[PDB]
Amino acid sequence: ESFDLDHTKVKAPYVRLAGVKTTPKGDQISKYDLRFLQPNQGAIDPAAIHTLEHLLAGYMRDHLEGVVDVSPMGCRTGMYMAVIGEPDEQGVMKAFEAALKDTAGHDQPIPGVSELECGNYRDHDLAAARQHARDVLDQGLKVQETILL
């Protein structure tokens, strides 16, 4: 359910199946590591990753069915997303690429930003979230194999 990854051997940015949990009725939940930054070489600011969370919640769903949710990782170098379905790194990679283009081009208010809809509405940074999305697309994504410790 959670592969033991060697963080010194991956090459960001990438999409990686991080684990798979089988449900009691026989379905599968695939977990993905959506890595923007190389582990231990810098982190996304908290405001920017919060904004990425709000933007990717809707844009990943526009390009991929079965999304449970997209969340920030505590290490702030990427996002975690669980999907209901069999593993499909290629398809998730294409959906992530399309959602990042949407994110980089998002030039309207951030969705769900108010004291009513967000637990820290003052901590957002649209420009930095858009630049991180452009940065990933500029470097280029790939499907990263899990290298175990």
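Throughout, we count residues from 1 along the sequence that is shown.
Between the stretches 117 to 125 and 103 to 111, it is 103 to 111 that shows the larger average CA temperature factor. Taking only CA atoms, the mean B-factor in the PDB entry is higher for 37 to 45 than for the other of 50 to 58 and 37 to 45.
Among all modelled residues in this chain, the alpha-carbon of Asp69 has a temperature factor (C-alpha) in the lowest third. The PDB entry assigns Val83 a C-alpha temperature factor belonging to the lowest third of its chain's modelled residues.
Sort the chain's modelled residues by C-alpha temperature factor and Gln28 lands in the middle third, per the entry. The deposited CA B-factor of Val15 belongs to the lowest third of values across its chain.
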